[PDB]
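[1] model the structure of this input:
(chains A, B, C and D, ligands or ions: 4)
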Protein chains: 4
Amino acid sequence: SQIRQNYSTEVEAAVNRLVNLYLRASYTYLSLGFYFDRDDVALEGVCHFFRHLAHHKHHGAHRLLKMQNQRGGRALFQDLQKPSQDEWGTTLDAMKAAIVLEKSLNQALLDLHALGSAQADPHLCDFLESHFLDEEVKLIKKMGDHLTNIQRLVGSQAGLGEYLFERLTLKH
Amino acid sequence: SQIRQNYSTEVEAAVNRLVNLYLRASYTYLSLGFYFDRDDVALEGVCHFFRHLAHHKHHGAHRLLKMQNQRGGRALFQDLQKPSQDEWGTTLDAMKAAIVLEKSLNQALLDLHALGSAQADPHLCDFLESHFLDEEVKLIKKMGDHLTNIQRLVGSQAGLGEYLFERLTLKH
Amino acid sequence: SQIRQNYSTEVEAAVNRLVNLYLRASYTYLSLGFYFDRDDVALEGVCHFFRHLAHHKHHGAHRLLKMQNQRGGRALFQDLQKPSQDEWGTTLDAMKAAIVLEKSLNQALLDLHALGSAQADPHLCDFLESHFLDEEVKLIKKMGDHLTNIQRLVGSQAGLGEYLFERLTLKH
Amino acid sequence: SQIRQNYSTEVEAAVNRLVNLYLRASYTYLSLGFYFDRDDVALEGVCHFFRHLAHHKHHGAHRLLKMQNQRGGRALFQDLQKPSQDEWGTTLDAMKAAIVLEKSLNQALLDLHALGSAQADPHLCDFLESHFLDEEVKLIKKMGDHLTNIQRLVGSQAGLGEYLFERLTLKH
Ligand SMILES: [Cl-]
Ligand SMILES: [Cl-]
Ligand SMILES: [Cl-]
Ligand SMILES: [Cl-]
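    Numbers count the residues shown, from 1 in each chain, chains lettered A, B, ... in the order given. Ligands and ions are numbered 1, 2, ... in the order given. What follows is the structure:
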């Protein structure tokens, strides 16, 4: 490559794996969104919450791929595994599965940041700091806030609480 | 007729029967709307939901009648039977009765579409496709969404759930 | 299902397979776009042409999934195979591969339309007619137009022709 | 100094050397720009490309000098060597010489970042991350893109390709 400078093969490969993780996460959120659009589930605010996360994860993949090209690495795409479930249970089940997913993405970001630090790749480290690490902290805090509110609403009237959360917390 | 072309007597008669079904449906929704306006029922959002459907069904009759004349058929009106009930129970009862009604209208549309196909009447088939079939699919999906939300809200506090649904889902 | 009416299991399954085809096509176009963004390829108009098609194919998947739910079918997601190539050759190679891809999607649309016709499912048939069949004819005609212009430009100065096509036909 | 804190003599000296490198780079780009303004070269877009880089490199020197004072170091200026050539050949020769120059500046930035890291100087490290490292990656990617387009245009009509690149890629 005519432009590549200070860009390790280890980082290049890890960036391609992270793209696969982000596209997998977008696919998971596409499935979560359409589950909540089912006539027998019918929680529009939950559907919109996940549809917006699907778009954000797709765009994170796009940012990584643009950066891969800016550094002179080579995008390599692998098969995308389907999401882990076909039906996602309650809003509480879904929000728990989303937090597990985001913590897995955050660990992948932190691992890549540590590789970049070890490789003395400050552009890579800055890039994750500027566009990914704080977005992930903010999203996980918001999901944690939502989990607490959902859990407070279960009581012994689970249906009522799930309706009220979707109506009064989620955007619709 | 000076304009009639490719318009079977079978379709003409079926269009007149469908007009009767739509006007019957408008009458049913007029009754449902005024029931929810009773001082002893008093669910304004439910009243407005049905009043708007009464208007839409009246206008579907109008579209069919305009088309009958555009094709050179003859509008023929029959007696309009009263609605099936004088009192409509809970919002849940009413929304169940509305879904039954819409599925009966949708089957009548599909039956007429199949007659038009058998008669090689593509204008009739297009006309139903363009102004009726998707509107019915969309309305039935919305009613199904509403049924699921109403059912989630019953729990063991039926009054509270019926108030909250009317206040937080239906327009008022 | 409380809403499903006139919606065959055969159509439901074929719609889920078509969603997989559209998401595969979006993935193919994501790969084509990032290939043309490589510093050693560097054809911005070609990159933008494919990036826009990736978005359109993603949105076709979304329309199909929304319709699946409107009809009371169940979205089921499968693994997404990676694109057929890692490197896409010349603009001419890429545009040939895109036409092959679009004709495969168009055949899948026509096959699903024929199943819907056989199943007397006019809503499905209308849905494909209204949102997919003409978009595919228009796109294939545009790709054919582009292929002819690219082929005229090869001559014995292939580099010059590929630059001029990207500069004077494609949006940048 | 009344303000200096955590600012090593090693960093102070390296910042003064980097200022000299940036001012040398500005001077190189001033020479490249005026070469392309010669009546016997006459490539206005190439002239404007280099004139804009001369201004950007001057301003990078300014940012470094402002930072040196903000940290309580002392600006020290050395002689500025003339550019490496008096005549710069073809646009291709010039763009190759520019990429070599930018990679030399990028290595100097990465070296200074590594010194700051070793000295536990996070303000210096942040400063380079925020104002220099990504600008250099973006510029090198753009130059690489331009090199590829220039190389595609040489064919066996070098004059025609150099005209077309200047007319259709570079701003004028
Ligand atoms: Cl899997
Ligand atoms: Cl009666
Ligand atoms: Cl494969
Ligand atoms: Cl010298």
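[2] hey, let's count contacts and neighbours off CA atoms from now on
    OK.
[3] now do the buried residues in stretch A:22-32.
    A:22-32 (16 or more other C-alpha atoms under 10 Å in any protein chain shown).
[4] ok, the residue lying closest to residue A:34 once chain neighbours are set aside - contacts?
    Closest residue in space to residue A:34, ignoring its immediate chain neighbours: residue A:47 at 6.6 Å, by C-alpha to C-alpha, 6 or more residues apart in numbering or on different chains. By C-alpha atoms under 8 Å, 6 or more residues apart in numbering or on different chains, the residues touching residue A:47 are A:32-37.
[5] if you rank those by neighbours, which is first?
    Greatest neighbour count in those, by other C-alpha atoms under 10 Å in any protein chain shown, goes to residue A:32: 29 neighbours.
[6] so how far is chain B from that residue?
    Residue A:32 sits 17 Å away from chain B, taking C-alpha to the nearest C-alpha, to the nearest Å as the criterion.
[7] so that residue is in which element?
    helix A:9-36 (DSSP states H and E).
[8] past that helix, which element shows up next along the chain?
    Trace forward from helix A:9-36 with DSSP H and E and the next one is helix A:44-71.
[9] starting at the chain centroid, how far to that following helix?
    8 Å (C-alpha atoms, centre = their mean, to the nearest Å).
[10] buried residues in that helix?
    A:44-51, A:53-58, A:60-62, A:64-71.
[11] ok, which residues in chain A are in contact with chain C?
    Within chain A, the positions near chain C by C-alpha under 8 Å from any C-alpha of the partner chain are A:1-3, A:31, A:34-35, A:37-40, A:65-66, A:69-70, A:72, A:74-83, A:86.
[12] which among the buried residues of stretch A:22-32 gets closest to residue C:104?
    Taking C-alpha to C-alpha as the measure, residue A:27 is the one of the buried residues of stretch A:22-32 closest to residue C:104, at 22.8 Å.
[13] from chain B, how far off is that closest one?
    24 Å.
[14] quick check: that residue touching residue A:54?
    Yes: applying C-alpha atoms under 8 Å, one finds residue A:27 in contact with residue A:54, separated by 6.8 Å.
[15] okay, the contacts of residue A:47 in TSV with distance to residue C:120 next?
    Shown next, in TSV, are those (distance: C-alpha to C-alpha, whole Å):
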residue	distance to residue C:120
A:32	31
A:33	30
A:34	26
A:35	27
A:36	29
A:37	26
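[16] would you pull up the residue in chain A closest to chain D?
    Residue nearest to chain D within chain A: residue A:70 (5.5 Å; C-alpha to the nearest C-alpha).
[17] how about the residue nearest to that residue when sequence neighbours are not counted, what does it touch?
    Excluding the flanking residues, the one nearest residue A:70 by C-alpha to C-alpha, 6+ apart is residue D:141, at 5.5 Å. Residue D:141 sits next to A:3, A:70-72, C:39 when contact means C-alpha under 8 Å, 6+ apart.
[18] farthest-apart pair in the residues you listed, please.
    Within the contacts of residue D:141, A:71 and C:39 form the most distant pair, 9.3 Å apart (C-alpha to C-alpha).
[19] list residues touching both of these two?
    Listed contacts common to residue A:71 and residue C:39 are A:3, D:141; contacts here mean C-alpha under 8 Å, 6+ apart.
[20] on that earlier part again, does the residue of chain A closest to chain D touch residue D:135 like I think?
    No: the criterion here is C-alpha under 8 Å, and residue A:70 misses it with residue D:135 at 10.9 Å.
[21] close to chain B: what parts of chain A are there?
    Going by C-alpha under 8 Å from any C-alpha, the residues of chain A near chain B are A:38-42, A:157, A:159-160, A:163, A:167.
[22] again, only this time at 6 Å
    A:39-40, A:42, A:159-160 (C-alpha under 6 Å from any C-alpha of the partner chain).
[23] so which of these is the most crowded?
    Ranked by the number of neighbours (other C-alpha under 10 Å), the residues of chain A next to chain B place residue A:39 first, at 27 neighbours.
[24] contacting residues for it?
    B:144-145 (C-alpha atoms under 6 Å, 6 or more residues apart in numbering or on different chains).
[25] quick one: it from residue A:87, how far?
    13 Å (C-alpha to C-alpha, to the nearest Å).
[26] before we move on, back to that, in CSV, list the contacts of residue D:141 along with distance to residue D:96.
    Formatted as CSV, the contacts of residue D:141 follow (distance: C-alpha to C-alpha, whole Å):
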residue, distance to residue D:96
A:3, 11
A:70, 18
A:71, 18
A:72, 16
C:39, 14
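[27] now the angle from the host helix or strand of residue A:152 to helix A:44-71?
    Per DSSP H and E: residue A:152 is located in helix A:134-154. Interaxial angle, helix A:134-154 versus helix A:44-71 (axes from the mean of the first three to the mean of the last three C-alpha atoms, to 10 degrees): 160 degrees.
[28] tabulate the CA atom coordinates of helix A:134-154 in PDB.
    The C-alpha trace of helix A:134-154 is given here as PDB (Å, rounded to 0.1, in the frame of the first residue of the first chain):
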ATOM      1  CA  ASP A 134     -18.300   7.300  25.100                       C
ATOM      2  CA  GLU A 135     -21.300   6.400  22.800                       C
ATOM      3  CA  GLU A 136     -21.200   2.900  24.300                       C
ATOM      4  CA  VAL A 137     -20.900   4.100  27.900                       C
ATOM      5  CA  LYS A 138     -23.900   6.500  27.300                       C
ATOM      6  CA  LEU A 139     -26.000   3.700  25.700                       C
ATOM      7  CA  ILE A 140     -25.300   1.200  28.400                       C
ATOM      8  CA  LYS A 141     -26.200   3.800  31.100                       C
ATOM      9  CA  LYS A 142     -29.500   4.500  29.200                       C
ATOM     10  CA  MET A 143     -30.300   0.800  29.000                       C
ATOM     11  CA  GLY A 144     -29.500   0.300  32.700                       C
ATOM     12  CA  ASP A 145     -31.800   3.300  33.500                       C
ATOM     13  CA  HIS A 146     -34.500   1.600  31.300                       C
ATOM     14  CA  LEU A 147     -34.000  -1.900  33.000                       C
ATOM     15  CA  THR A 148     -34.500  -0.300  36.500                       C
ATOM     16  CA  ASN A 149     -37.700   1.400  35.400                       C
ATOM     17  CA  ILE A 150     -39.000  -1.800  33.700                       C
ATOM     18  CA  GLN A 151     -38.100  -3.800  36.900                       C
ATOM     19  CA  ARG A 152     -39.900  -1.300  39.200                       C
ATOM     20  CA  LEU A 153     -43.100  -1.600  36.900                       C
ATOM     21  CA  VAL A 154     -43.400  -5.400  37.100                       C
END
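[29] please identify the buried residues of that helix?
    Buried, per 16+ other C-alpha under 10 Å, within helix A:134-154: A:136, A:140, A:143, A:146-147, A:150, A:153.
[30] over to stretch A:120-135?
    By 16+ other C-alpha under 10 Å, the buried positions in stretch A:120-135 come out as A:120-128, A:132-133.
[31] of these, which belong to helices?
    A:122-128 (DSSP state H).
[32] how near is the nearest residue to residue A:149 once chain neighbours are set aside to chain C?
    Nearest-residue entry for residue A:149: residue A:165, 7.5 Å, with adjacent residues in sequence omitted and distances by C-alpha to C-alpha, 6+ apart. Using C-alpha to the nearest C-alpha, we find residue A:165 at a distance of 23 Å from chain C.
[33] quick one: neighbours of residue A:165, just the number.
    19.
[34] and if you look at residue A:155?
    Residues within reach of residue A:155, counting by other C-alpha under 10 Å, total 11.
[35] ok, now residue A:171?
    Neighbourhood size, residue A:171 [other C-alpha under 10 Å]: 12.
[36] and it, helix, strand or coil?
    Judged by DSSP: H, G, I helix; E, B strand; the rest coil, the three-state class of residue A:171 is coil.
[37] quick check: it touching residue A:45?
    Yes: with contact defined as C-alpha atoms under 6 Å, residue A:171 reaches residue A:45; the gap is 5.4 Å.
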